[PDB]
């Protein structure tokens, strides 16, 4: 499990989405290095312009690349489910707006870690932040809190992303998360801990298509 992440791992992310009827498709590529918990990814909208703001998709677009310090390595559920993988399901509720419902399959295909995501959004107002494209191209990073769910044999996470609106307001995104392993072998189930996130978004100056460059540092903490 954790032996699969000792070196740099190439990454493929494929996303199919529909929000209030607006279909779109996103593909991402890059690499991960869990020794330093580093993610470098570039996503592109293959269906033209994205009908939602890119920041709203950052959390949906590989926590198995988190660096768990040595003293916490028995709490790494994500890497314990590899190579057969795990299913990541989320419900991202946007305040005074709609919600994303995502289901992702995260496993290895050879040496490549593949994240295949289906996203469905409903109840979005066309003049509100998301569909109105009123969110700034930035990201406020915080901690993701993880608890074990022994009965369903996985984990759960509950965190809230704050999106800066162009007018100075803040659009909240309530994330409920579940992860369930695909394989039947036993996995590591953790005590309560958290992932510390550092996220930067940027642009590729030579990329003509609607895209987003993503740099992520994910580290576990909360257990001494």
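Positions refer to the first chain, counted from 1.
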Quick one: classify how much of the deposited chain lacks coordinates between residue 61 and residue 62, choosing none, 1 to 3, 4 to 9, or 10 or more.
-> 1 to 3
Given the B-factors recorded for C-alpha atoms, which segment has the greater mean, 30-38 or 156-164?
-> 156-164
Of 62-70 and 168-176, the one with larger mean CA B-factor | 168-176
Out of 120, 75, 79, 116, which shows the largest CA B-factor listed in the entry?
-> 120
Sort 213, 15, 12, 19 by C-alpha B-factor from the entry and give me just the highest.
-> 19
Cα B factor band for residue 51 (lowest, middle or highest third within the chain) | highest
Report the third (lowest, middle or highest) to which the CA temperature factor of residue 138 belongs, ranking only the modelled residues of the same chain.
-> middle
For residue 107, does the deposited CA B-factor place it in the lowest, middle or highest third of the chain?
-> lowest
Would you mind ranking residue 148 by its C-alpha B-factor against the rest of the chain and naming the third, lowest, middle or highest?
-> middle
Tertile call for residue 98 (CA temperature factor, within chain, third-based) is the highest
